[PDB]
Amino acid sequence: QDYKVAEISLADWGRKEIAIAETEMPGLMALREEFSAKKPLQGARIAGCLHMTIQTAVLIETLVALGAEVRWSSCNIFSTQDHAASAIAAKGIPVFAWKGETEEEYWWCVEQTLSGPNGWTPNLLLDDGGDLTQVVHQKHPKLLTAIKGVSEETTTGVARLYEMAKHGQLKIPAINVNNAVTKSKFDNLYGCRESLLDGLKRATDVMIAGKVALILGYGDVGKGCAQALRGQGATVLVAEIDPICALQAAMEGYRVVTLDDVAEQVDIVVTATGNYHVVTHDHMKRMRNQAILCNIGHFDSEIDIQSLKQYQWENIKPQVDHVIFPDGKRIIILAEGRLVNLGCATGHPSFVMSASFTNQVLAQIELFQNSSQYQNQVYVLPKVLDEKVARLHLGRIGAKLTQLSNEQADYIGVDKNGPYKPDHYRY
């Protein structure tokens, strides 16, 4: 068995939910219809490290339908949906992922995607968070020469690529999929606007209405989280280090505050910073009894979980834990500080993951075909492809585009078929 999953017999349940998700993912299904005959990824050998969800299974099978061979692992120890991994494993696709991995099992799973039977080695990386990129660069540099490039899913992974490039550590071309508009401004924002609530509500019977909720970070994710909780009747506080993002939050009616000031006043804390130890031991000590603490940023290091090692952890149910302080006060921590929407729920819904993953497929096609035209730097896909991604998703939600006349295209200086905005337009 060239796979490792929890229970293979969950495959039929996974297939059923995959069939449903396909009908919510028109971008991926359109790429199959456009490309599955020509097979533009025949000869592609993709090592993938990205949350093994039902939506990711549709990504995997789209890559396969386009001719790729892949080997897959998840980029988080709690984010796998076992029945999704099983459905993929049942198709014969090598996948190494289950919900609740140890850290040792996590890195073993990543390692399994770098080599397969018969001397299989990847010529492409598909990464979400930079761990697979890290492993190849730091531990298998012999693989780097045959890797055409990496396409990277998330903000934290791109930050790691930027730092590698700055220091001359990046040795392959990189496509920043996060900063496709149809990713960052949809997945990160609208996806989290729904899936933060999913994780919070599955984990606890805590009411949102009337609570004081603090969001750390007001980037694309924090913007969605703030919208989510405000709609449900919470008083929403925001912390920011960036004065432009702080001003945006203030102009939406949020008080912009520091956790140092407000730790005693909050019922719910959501870290969305992409940063390190924004919630410290003293904050958690100061938090009220039964306060809820979770992280929706990529790595659990947003919270200094290590400071809680000596307290009793009393498990409530899977991925919901009480940490009991010596004075008897308790806090509720979700998923041990790992990504809450994927640890305590099922991640983003299918429709918005389709926009992200259509971008992923196009990046893989571009790297596989034209990696020779790229240097060892970070790039984004051109705006014409970004607009194509949006176009492919309009029909599902019944949106009808107006067509420019010739004089209207000339008036604003665009082609009738786009692209419709200057390169640095921010939407």
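Each residue number is its position in the shown sequence, starting from 1.
Participant: Do the C-alpha atoms of 367 to 375 or of 391 to 399 have the higher average B factor in the entry?
Facilitator: Higher mean C-alpha B-factor in the PDB entry: 367 to 375.
Participant: Going by the mean C-alpha B-factor recorded in the entry, which is higher: 109 to 117 or 70 to 78?
Facilitator: Higher mean C-alpha B-factor: 109 to 117.
Participant: So among 148, 223, 255, 338, who wins on Cα B-factor in the entry?
Facilitator: Most elevated C-alpha B-factor of the set, per the entry: 148.
Participant: Using the temperature factors in the entry, find which of 356, 169, 301, 195 has the highest value at its Cα atom.
Facilitator: Answer, based on the entry's C-alpha B-factors: 169.
Participant: Would the CA B-factor of residue 23 place it in the lowest, middle or highest third of its chain?
Facilitator: Its C-alpha B-factor, which the entry lists for residue 23, ranks in the middle third among residues of this chain.
Participant: Would you mind ranking residue 56 by its C-alpha B-factor against the rest of the chain and naming the third, lowest, middle or highest?
Facilitator: For residue 56, the deposited C-alpha B-factor lands in the lowest third.
Participant: Going by what the PDB entry lists, where does residue 243 fall on CA B-factor within its chain: lowest, middle or highest third?
Facilitator: Ranked within chain, residue 243 CA B lands in the lowest tercile.
Participant: According to the PDB entry, is the CA B factor of residue 264 in the bottom, middle or top third of its chain, that is, lowest, middle or highest?
Facilitator: As the PDB entry reports it, the C-alpha B-factor of residue 264 lands in the lowest third of its chain.
Participant: Lowest, middle or highest third of the chain for the C-alpha temperature factor of residue 321?
Facilitator: Within its chain, residue 321 is a middle-third residue by C-alpha B-factor, going by the deposited values.
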